[PDB]
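Shown next as structure tokens: one chain only, the form deposited in one PDB entry.
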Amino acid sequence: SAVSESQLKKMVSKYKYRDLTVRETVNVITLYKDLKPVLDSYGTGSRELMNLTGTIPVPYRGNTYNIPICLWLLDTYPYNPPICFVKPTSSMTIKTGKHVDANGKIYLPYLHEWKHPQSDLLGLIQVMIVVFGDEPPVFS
């Protein structure tokens, strides 16, 4: 745990549901060791938001790949869904398809009908693992 709960609470100081966002973030970073919490601007330098960036392990063709993603938590998380992206490296390219558009934006039924408390980040990532395992959102 590189980032403490105290540090996370500070990151979401302007959020509407702070502890709920911190709790779910801790759960995610604990289970997914390659996802890191980062305070960054989404689109506008002033639109500071916490996002979980890194990779998630996805089994494919006998091997486990580390798919690069970025999950933006809006200041209304968990009542509104995160905005999710596939972030290909310099050697990777986004694979446009059913659940990923040209910009790498992820589309999932889980996101479209998102409803707290049934929906959460751990559940979302589990779905991503299954979907990406069937069709990797990136290629070399």
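Heads up: residue numbers just count along the shown sequence, starting at 1.
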Checklist line | Mean temperature factor over C-alpha atoms, higher-scoring stretch between 98-106 and 43-51 | finding: 43-51
Next item on the list: Could you check the entry and say whether 113-121 or 6-14 has the higher mean CA B-factor?
Entry: 6-14
Checklist line | From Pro57, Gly62, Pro37, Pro81, residue of greatest CA B-factor | finding: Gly62
Next item on the list: Relative to the other modelled residues of the same chain, rank the CA B-factor of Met92 and answer lowest, middle or highest third.
Entry: highest
Check: Split the chain's modelled residues into thirds by Cα B-factor; is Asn27 in the lowest, middle or highest one?
Finding: middle
Note to self: Using only modelled residues of the chain, where does the Cα B factor of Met128 rank: lowest third, middle third or highest third?
What the structure shows: middle
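Below, we refer to the form solved in complex with a partner chain, which is not included among the displayed structures.
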Notebook entry, point to check: Heavy atom to heavy atom, is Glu113 within 4.5 Å of its partner chain in the deposited complex?
Noted result: no
Next item on the list: Report yes if any heavy atom of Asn80 sits within 4.5 Å of a heavy atom of its partner chain in the deposited complex; otherwise report no.
Entry: no
Note to self: Whether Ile67 contacts its partner chain in the deposited complex should be assessed with a 4.5 Å heavy atom distance threshold; does it?
What the structure shows: yes
Note to self: Can you tell me if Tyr60 lies within 4.5 angstroms of its partner chain in the deposited complex, counting non-hydrogen atoms only?
What the structure shows: yes
Note to self: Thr89, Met92 and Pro136 - do all three of these have some heavy atom no more than 4.5 Å from its partner chain in the deposited complex?
What the structure shows: yes
